[PDB]
Amino acid sequence: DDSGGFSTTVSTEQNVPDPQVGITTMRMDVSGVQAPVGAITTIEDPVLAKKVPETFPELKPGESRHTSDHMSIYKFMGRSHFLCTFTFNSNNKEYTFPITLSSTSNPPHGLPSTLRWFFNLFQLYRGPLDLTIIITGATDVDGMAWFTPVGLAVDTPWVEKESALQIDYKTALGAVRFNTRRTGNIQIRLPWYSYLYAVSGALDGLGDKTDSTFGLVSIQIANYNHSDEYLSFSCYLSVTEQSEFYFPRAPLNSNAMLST
Amino acid sequence: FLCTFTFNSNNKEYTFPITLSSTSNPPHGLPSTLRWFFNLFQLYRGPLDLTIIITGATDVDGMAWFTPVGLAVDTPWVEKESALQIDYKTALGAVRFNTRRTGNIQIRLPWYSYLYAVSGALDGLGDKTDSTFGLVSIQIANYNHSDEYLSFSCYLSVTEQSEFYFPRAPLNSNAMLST
Amino acid sequence: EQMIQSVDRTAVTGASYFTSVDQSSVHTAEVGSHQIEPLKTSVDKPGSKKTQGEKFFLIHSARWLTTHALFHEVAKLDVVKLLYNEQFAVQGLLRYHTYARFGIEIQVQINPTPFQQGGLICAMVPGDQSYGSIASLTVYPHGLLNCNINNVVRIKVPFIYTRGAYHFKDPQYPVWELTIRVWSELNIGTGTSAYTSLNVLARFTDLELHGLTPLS
Amino acid sequence: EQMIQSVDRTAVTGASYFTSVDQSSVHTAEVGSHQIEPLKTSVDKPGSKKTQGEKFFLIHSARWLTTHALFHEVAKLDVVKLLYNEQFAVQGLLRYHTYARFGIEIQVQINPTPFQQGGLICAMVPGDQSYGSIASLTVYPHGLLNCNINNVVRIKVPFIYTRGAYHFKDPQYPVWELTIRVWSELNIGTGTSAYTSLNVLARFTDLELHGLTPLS
Amino acid sequence: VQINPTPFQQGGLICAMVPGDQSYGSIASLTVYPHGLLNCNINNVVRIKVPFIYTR
Amino acid sequence: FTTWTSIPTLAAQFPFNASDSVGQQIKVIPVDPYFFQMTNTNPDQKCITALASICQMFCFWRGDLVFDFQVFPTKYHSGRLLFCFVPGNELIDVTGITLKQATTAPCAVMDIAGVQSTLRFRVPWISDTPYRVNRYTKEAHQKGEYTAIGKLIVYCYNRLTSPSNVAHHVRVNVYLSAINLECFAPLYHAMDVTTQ
């Protein structure tokens, strides 16, 4: 033995993910003739809990009618879901919004409907994202959007104010230059910039305000505005293929799944 | 970041150099990241990249051109009328663009000098000659209609054909001035 | 020409964690050796971290009653913080170290008389007892207790944490945490014992120790 | 005829020092493993008894002067008793253990300026400072200090004791003991420093630990 | 460069080969230059080989 | 960018008097590439190190830092020092750790006399996080973000024995060098003098 101990009652580590592929395909009757040993069993024994279940004479259900597997995460969360929305009001206003994976963060200030349920299904999170935003409203506004990692300084989140950060801090880290008239669309990778390894979904104390958040995107505009028309932005987050999930968690209640 | 400038009247010609001297305090010279980085080393040889952004009033047909050392060009860091003819401007090399068509410039800066390389920190007449290598000057037209400011801003970037020489002691925390 | 030998002057001598370079060296005297005994006054193995870290520590014990209604939180216990305690044997390995990596082996012992009925649940919960469901706690590596089949189960769980290692002197958040909800209520007859016993044993697996500190 | 498997009942499960036989067994759950890191947040070796017991502990330090006449007892220090102390790293290995076998590695560090003259002696003395001669102390495994050649020496000495192992909570007698007699007096000139520094380092070699205790 | 200490003195000197300017570069960063470090403990004569560093 | 990193650059300066008790704390070194305390009056310039300019244009830093303590004694200044690195973060009460308590931590001793005078102290990468954020870019303390992987007290391990025709104190330069150095997540920041 490696540790010099022993084990008598059969009970070990439990709930290893991915038991089965969810698209319906054929791997005749499944049960029937033989008496069902998989109906009655011991759930207190996890080896006896992993027995092939049956209760009735069943046969092959057949195949499915869509090759697109709607039960893998990498093609399920490809549809981009809501994050936040915000409007500008005056000249050179700098807006700042984080990406706070905490379930304590009720919407709008935090995770809304689909992001709050999905990113509180699991404990650990590592990988880059995708963000899709839409320019809506007044045209010919030359703004700038940039990412800021953890540790580095940035302006106050969820607050529209004037920018207190210089342009040499903004040009050195990384941003984009675009007008509302040229292309009107942003589909951006969110870089995984942290000295810590992974981020969590539901923590407490100072670990919640530090180890749940990973990144932040803040926007300052210019040439807004001429003759009075509101400019509205809205953030939709999407997924990429370099992220992996860890420790499947009990999903949230029907109460904290708040929709916007 | 390199610099930023605004136009005010009709056919105003703006002129800005690329002065690698550490004596050149920002804005008139190297700002935050360029002043630290291009005073890390003595000798410098190779071409650059410049990314500028058109911001403000639209439908302005201007022109941007490079001028090497030795040849004549207008006064740097001064917005004024152009005293240079168009045959001097069309023969050397420029671009033609409107603010509405593409709104973006990502340009190579050509390494045009009879001297070999340029320096970062010199004194005397060597500082005003052997530190600088190039200059980009801009004259506009159709600016302006109904009054809206047009603002340009210059951001410099790097390419792969440049090489660095003689690693130097970096600058203090005092001359690293940010804009 | 015959040369008389001298003493060495400069050498890298010292421990891997306790290192001091001397400019004047000297040969260390050593007489005798580690003499083996055909007669040992004790009959045990010599002590090591393999037998001191891997030994079950009673970190918690309770007493579940009949009056506890369904899904009542009988015990809310922290795993590693109760392991880091002076009255156990791992304090001699965790006081002189700061950053660690380890795996947690939980064993829970209860005792029903078979005239009682009911059920208990022990779950290994990292992070928080947040808005996740009580009726969804089987996704955790857990244990299910019954008054019909068995009374002792053991649980193996890994290190689940955001950063690289765990800080004892100032932790970010607790790595693991166990809870006891009433999975099925304790029902008895007349004269049957209206209680049952409860024990929580714990030990480390695959222990790593780094960052020695001189202070307490 | 197909037989449904069941759960085990009686088995010898438990540690070698922490052993409990259950009448109702359960399979211990284990998910994940000890995942290796290509990026380690620390660059050290993992901690062990080999790097915690074998590390020099400053057990004593003094300051020898000129006014100390010949064969004056500058320091009377106990070896293992000063090693068994809370402010060192071996307390985490000696608090949870009672009977031990070990070898003693002494290293003594002094520092003369070469305008001073004189000599010091450090001897490893077991048992007693009894009627044995001071001028016969070279029969012990000892060290001789000089203001001419060298300033750091180290001494290896074995376990010298009557019984089998050493009791920390109630010792019969101290195993080892070091003394510092003035081997030659400290003579200086005008303006020369009238002192020298002195350090005593100590560590264990070939450590054995037996007899775990629950108490402090 | 040749200096001469008696070994009852202590201290240190530095000689650096500096092209261009004594500008806003740091004094505490002058080890990036091909230089020499003088000491009252080890040695008293050092020699430095430096190339031609010039723009033209 | 490894040119301005591995070359040892002077980061700090401290003497070693002979009138000090054994075990008295002389100067701690907050172990990071961000550390520097020198300045100059002619010219008026805050003396950066060549390693403090490379890493200040990043968020995170990682690498095995090699401190080089060049003492300047005579051949006859005798005694020893203690360079005890205590890992963790930039802020623990390491001043309350006693000298024999500091013998528990791994460290090294150096005789002031001998045939060499510079000790290259290779700092291990001991941190809870695999990197360490530029918290100097921010302006707030927070448990989880930090600046250093530990601190390094210079102790008085032995007294300074010397005659009167030499000096009573030996000054120690603190060179700053490293090996296997990595930084990422670029930014722009000008570092300020750690005023000890």
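Colleague: Whenever I open this one, the overall build of chain F confuses me. Can you help?
Modeller: If you tally the helices and strands in chain F, you get two helices and 10 strands. Reading chain F from its N terminus to its C terminus gives the helix and strand order α-β-β-β-β-α-β-β-β-β-β-β. Relative to the 2.2 N^0.38 estimate, which gives 16 Å for 196 residues, the radius of gyration of chain F is 17 Å and therefore close to what a compact globule would have. Along the three orthogonal principal directions, the C-alpha set of chain F runs to about 55 × 40 × 30 Å. Counting the 196 residues in chain F, one finds 66% classified as buried.

Colleague: Could you clarify how one ought to interpret the pattern of salt bridges in this entry?
Modeller: Where side chains of opposite charge bring their charged atoms close, a pairing between them can arise. Applying the stated criterion to the full structure yields 25 salt bridges over all chains. Between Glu73(C) and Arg181(C) there is a salt bridge, and its shortest N-O distance comes to 3.9 Å. On the criterion of sequence distance, the pair formed by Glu73(C) in strand 3 (residues 73-78) and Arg181(C) in strand 9 (residues 177-187) is long-range, its members being 108 residues apart. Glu30(D) is the salt-bridge partner of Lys156(C), the closest N and O atoms lying 1.9 Å from each other.

Colleague: Where do I start with the arrangement of the chains in this structure?
Modeller: The structure contains 11 pairs of chains in contact, of which chains C and D account for the largest number of contacts. One finds no contact linking chain A with chain E; the least C-alpha distance across the pair is 20 Å.

Colleague: I'm lost on the interface of chain F and chain D in this one. Help?
Modeller: For interface size, the figure often reported is the accessible area lost on association. Facing 32 residues of chain F, the contacting portion of chain D comprises 32 residues. Buried area between chain F and chain D, both sides added, is near 2,600 Å², and the carbon and sulfur share of it is 52%. When the buried area of chain F at its contact with chain D is split by residue, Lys100(F), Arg159(F) and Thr161(F) rank highest and sum to 23% of it. Between chain F and chain D we count zero salt bridges in total. Here chain F is connected to chain D by 20 residue pairs in polar contact. Those elements that place two or more of their residues in the side of chain F that touches chain D are strand 5 (58-71) and strand 7 (108-111) of chain F. Counted by class, the side of chain F that touches chain D contains 13 nonpolar, 12 polar and seven charged residues.

Colleague: Hey, could you run me through the sheet that holds strand 6 (residues 142-146) of chain D in this one?
Modeller: Each strand in a sheet pairs with its neighbour through backbone hydrogen bonds, running either in the same direction (parallel) or in the opposite one (antiparallel). Residues and elements named next belong to chain D. Strands sit in the order 3-9-5-6 across an open sheet of four strands; the sheet is antiparallel. Bordering the open sheet on either side are strand 3 (73-78) and strand 6, each of which pairs with just one other strand. Across the sheet, the mean angle from the axis of one strand to that of its neighbour is 15°, orientation sign disregarded. Pairing of strand 5 (residues 117-124) with strand 6 involves five bridges; the strand directions are antiparallel. Counterpart to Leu120 in the pairing with strand 6 is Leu145.

Colleague: Is there a simple way to explain the environment of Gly103(B) in this structure?
Modeller: Along the chain, the position of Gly103(B) falls in the loop between strand 7 (94-98) and strand 8 (104-109). Spatially, the C-alpha atoms of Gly103(B) and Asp49(B) are 17 Å apart, while their sequence positions differ by 54 residues. Setting aside residues up to four positions removed in sequence, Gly103(B) forms contacts with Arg182(A), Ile54(B) and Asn98(B).

Colleague: Before we go on, may I ask you to explain the side chain of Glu13(A) in this structure?
Modeller: If you trace the backbone, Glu13(A) turns up in the segment before helix 1 (46-49). Not counting residues up to four positions away in its chain, the partners in contact with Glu13(A) are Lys156(C), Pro158(C), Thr28(D), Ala29(D), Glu30(D), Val31(D) and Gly32(D).

Colleague: I'm lost on the interface of chain D and chain C in this one. Help?
Modeller: Listed by partner, the interface residues are 65 residues for chain D and 65 residues for chain C. Taken over both partners, the interface formed by chain D and chain C buries close to 5,700 Å², and the fraction arising from carbon and sulfur atoms is 52%. Between chain D and chain C we count four salt bridges in total. Across the salt bridge formed by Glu86(D) and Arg95(C), the nearest N and O atoms sit 3.1 Å from each other. Joining chain D to chain C, the criterion identifies 42 residue pairs in polar contact. When residues of the side of chain D that touches chain C are traced back to their parent elements, those giving at least two are strand 1 (29-30), helix 1 (49-52), helix 3 (91-94), strand 4 (99-111), strand 7 (152-157) and strand 10 (195-210) of chain D. Residue contributions to the side of chain D that touches chain C peak at six residues, all from strand 7 of chain D.

Thresholds, definitions, all that
Residues numbered from 1 in each chain as written, not as in the entry; some residues may be left out. Chains lettered and ligands numbered in written order. Part of a larger assembly, values for the part shown. Heavy atoms only, no water. Residues with missing side-chain atoms left out of burial classes, pairs and counts. Helix = DSSP H or I, 4+ residues; strand = E, 2+ residues; numbered from the N terminus. Rg over C-alpha atoms; globule rule 2.2 N^0.38 Å. Buried < 20%, exposed > 50% of the residue type's maximum accessible area, 1.4 Å probe, protein only. Salt bridge = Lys/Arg side-chain N within 4 Å of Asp/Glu carboxyl O. Contact = heavy atoms within 4.5 Å. Buried area = accessible area lost by both parts, 1.4 Å probe. Polar contact = N/O pair within 3.5 Å; in protein donor to acceptor, adjacent residues only side chain to side chain. Nonpolar A, V, L, I, M, F, W, Y, C, P; charged D, E, K, R; others polar. Pairing = 2+ DSSP bridges. Axes fitted to C-alpha atoms, helices over the stretch in contact; angles between N-to-C directions.

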